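Worksheet: one structure, shown below.
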Amino acid sequence: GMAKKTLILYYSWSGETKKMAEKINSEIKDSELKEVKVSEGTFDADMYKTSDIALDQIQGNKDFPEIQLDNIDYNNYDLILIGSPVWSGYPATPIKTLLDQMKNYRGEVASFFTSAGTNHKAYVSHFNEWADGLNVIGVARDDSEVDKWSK
């Protein structure tokens with residue numbers, strides 16, 4: 001058979017990327033919205049902790065927390081969007097592990113950012129460095145280039 005499906009993975013707290021993800025599921029034929037959780041924290045305090053500062057996993061740390069999600073096989077979709085914050089160049093490493101699972105994907109990679117306060121141009125170049133082995137076709141903010149990450 002055949003079907004180009006789409007998928008939207010969006011890492012952030014309850015509110016942040018939620019608004020910016022739910023729209024896109026509704027602008028694309030045969031798209032969907034899945035969760036990116038993290039490992040760790042949990043038994044540390046009342047709730048998790050593995051994001052309490054921006055520049056954690058970058059400079060002074062290097063080792064980073066793992067990801068969690070459901071039993072999803074990227075091979076069953078043809079288009080994959082990725083959503084995350086930015087404020088000092090690259091202060092997150094959620095997508096790192098996921099990109100390294102996607103090694104046998106067939107289809108297209110885009111990665112929308114939902115932040116720009118002091119860091120725009122850097123992130124575009126920085127994401128390249130931390131993806132460089134998957135097929136990327138655009139790197140923009142918001143949902144204003146989804147019309148090509150589909151066509």
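Order determines the names: the first chain of the structure tokens is A, the second B, and so forth; residues in each chain are numbered 1 upward, and ligands are numbered 1 upward as they are shown.
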
Polymer residues at most 9 Å from region 70-84 of chain A, only C-alpha atoms, same-chain spacing of 6 or more positions, as a PyMOL selection string: chain A and resi 3-12+17+20-21+31+34-35+92+94-95+102+104-115+142+149-150

Shell of 12 Å around residue 59 (chain A), only C-alpha atoms, local chain residues under 4 positions omitted, as JSON, numbers by chain: {"A": [53, 54, 55, 63, 64, 88, 90, 91, 92]}

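The residues of region 69-120 of chain A that DSSP classifies as helix (DSSP H, G or I), using the backbone of this structure, are residues 74, 75, 76, 95, 96, 97, 98, 99, 100, 101, 102, 103 and 104 of chain A.
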
From a DSSP pass on the backbone, collect the residues of region 76-138 of chain A flagged as strand (DSSP E) and hand them back as a VMD selection string. chain A and resid 79 to 84 108 to 110 112 to 113 136 to 138

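Taking CA of residue 40 (chain A) and CA of residue 66 (chain A) as the two end points, the separation is 7.7 Å.
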
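Counting only C-alpha atoms, the residue from A:39, A:25, A:128, A:14 that sits nearest to residue 97 (chain A) is A:39.
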